[PDB]
Amino acid sequence: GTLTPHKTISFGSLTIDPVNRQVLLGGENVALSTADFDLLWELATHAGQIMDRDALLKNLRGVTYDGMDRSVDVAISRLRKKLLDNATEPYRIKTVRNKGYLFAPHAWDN
């Protein structure tokens, strides 16, 4: 009794679909800067696995320029600040012990 896709990826909070190249959280689309958009794109695809800043930015740019966390930080803060859900849902996107950013312990997919 739920209208949800299968090919695309959708979590218990946000949803990402390459067909519409957009993200939907809480039933409504979420606007995010190019980078911020790419950040989550990989963040979800690599759920469960700890995504490091250096390994994250690599997806945003893809250049040989390492140590470019500068963009990552800004992106993260922009991701949570925009996905700071409280009434509808918590902040699934929690931060790990200075090891990056992973999903909440109550969010996962086999």
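The rules behind each value
All residue numbers are counted from 1 along each chain's written sequence and may depart from the entry's numbering; residues that have no coordinates are not represented. Each side-chain value is worked out from all heavy atoms of the structure, with water and hydrogens disregarded. In DSSP terms, a helix is any run of H or I states spanning at least four residues, a strand is any run of E spanning at least two, and both are numbered starting from the N terminus. One fewer than the residue count of a helix, multiplied by 1.5 Å, yields its expected span. Exposed residues in this analysis have more than 50% of their type's maximum accessible area, buried residues have under 20%, and partly exposed residues fall in between, with area computed by a 1.4 Å probe over protein chains only. Summarising the geometry, the arc corresponds to the directions from the helix axis toward the C-beta atoms. For this analysis, residues touch if any pair of their heavy atoms sits within 4.5 Å. A cavity here means a set of 1 Å grid points, computed over protein atoms only, where a 1.4 Å probe fits but cannot escape. A pocket is an open set with protein on both sides within 12 Å along at least 5 of 7 lines, and lining residues have an atom within 4 Å of a point. Grid points are joined across faces, edges and corners, and a volume is the space filled by probe spheres set on the points. Residues are sorted three ways: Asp, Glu, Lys and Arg are charged, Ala, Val, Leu, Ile, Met, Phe, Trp, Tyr, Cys and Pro are nonpolar, and all the rest, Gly among them, are polar. To form a nonpolar core, buried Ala, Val, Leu, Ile, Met, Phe, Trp, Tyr and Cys residues must be joined to one another through side-chain atoms within 4.5 Å. One requirement defines pairing of two strands: DSSP has to find at least two bridges between them.

By the method listed in its record, solution NMR, this PDB entry was determined.

Colleague: Honestly, helix α1 (residues 34-45) in this entry has me stumped. Any pointers?
Modeller: Three or four residues apart is the spacing at which side chains of an α-helix point the same way, because the helix has 3.6 residues per turn. Its 12 residues place the ends of α1 17 Å apart at the C-alpha level, agreeing with the 16 Å of an ideal helix rising 1.5 Å per residue. Among all positions in α1, only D36, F37, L39, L40, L43 and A44 are buried. Within α1, the buried residues cover an arc of 160° as seen down the axis, which keeps them to one side. Lining the buried residues of α1 we find β1 (9-10), β2 (14-17), β3 (22-25), α2 (53-60), α3 (69-82) and β6 (101-102).

Colleague: Can you help me understand the environment of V72 in this one?
Modeller: When you line up the elements, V72 lands in helix α3. In this structure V72 comes out as buried when scored by relative accessible area, which is 0%. On a C-alpha basis, the gap between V72 and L56 in space is 7.3 Å, while along the polypeptide they are 16 residues apart. Discounting residues that sit within four places of it in the chain, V72 has contacts with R53, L56, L57 and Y101.

Colleague: Is there a simple way to think about empty space enclosed by the protein in this case?
Modeller: Take a probe with the size of a water molecule and roll it over the atoms, and the empty space left behind shows itself. Scanning the entire structure with this criterion turns up five cavities of 30 Å³ or more. Estimated volume of the largest cavity: approximately 80 Å³. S13, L14, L25, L40, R80, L83, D85, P90, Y91, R92, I93 and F103 are the residues that line the largest cavity. When its residues are assigned to classes, the lining of the largest cavity shows eight nonpolar, one polar and three charged. Estimates place the volume of the second largest cavity at around 50 Å³. Residue lining of the second largest cavity: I9, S10, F11, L14, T15, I16, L40, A44 and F103, and that is the complete set. For the lining of the second largest cavity, the secondary-structure elements that each account for two or more residues are β1, β2 and α1. At three residues, β2 tops the list of elements feeding residues into the lining of the second largest cavity. Considered class by class, the residues forming the lining of the second largest cavity number seven nonpolar, two polar and no charged.

Colleague: Help me understand the nonpolar core in this model?
Modeller: Considering soluble globular proteins, one finds that nonpolar side chains tend to be buried as a cluster. With 25 residues, the main nonpolar core has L14, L39 and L56 as its most contacted residues. Contacts of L14, omitting those with residues within four sequence positions, involve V23, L24, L25, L40 and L83.

Colleague: I tried to follow the pairing of β3 on my own but got confused; where do I start?
Modeller: The side chains of a regular strand alternate between both faces of the sheet. Only one face of β3 is covered, namely the face carrying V23 and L25; the face carrying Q22 and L24 is uncovered. Judged from the four bridges that link them, β2 and β3 form a sheet pairing that is antiparallel. Paired with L14 across the strands is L25, a residue of β3. As consecutive antiparallel partners, β2 and β3 are separated by four residues, and within that stretch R21 has a phi angle of approximately 45°, a positive value. Bridge count between β3 and strand β4 (residues 28-29): two bridges; the pairing is antiparallel. The residue bridging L24 from the neighbouring strand is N29, located in β4. Counted between consecutive antiparallel strands, the loop separating β3 from β4 contains two residues, among which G26 sits at a positive phi close to 80°.

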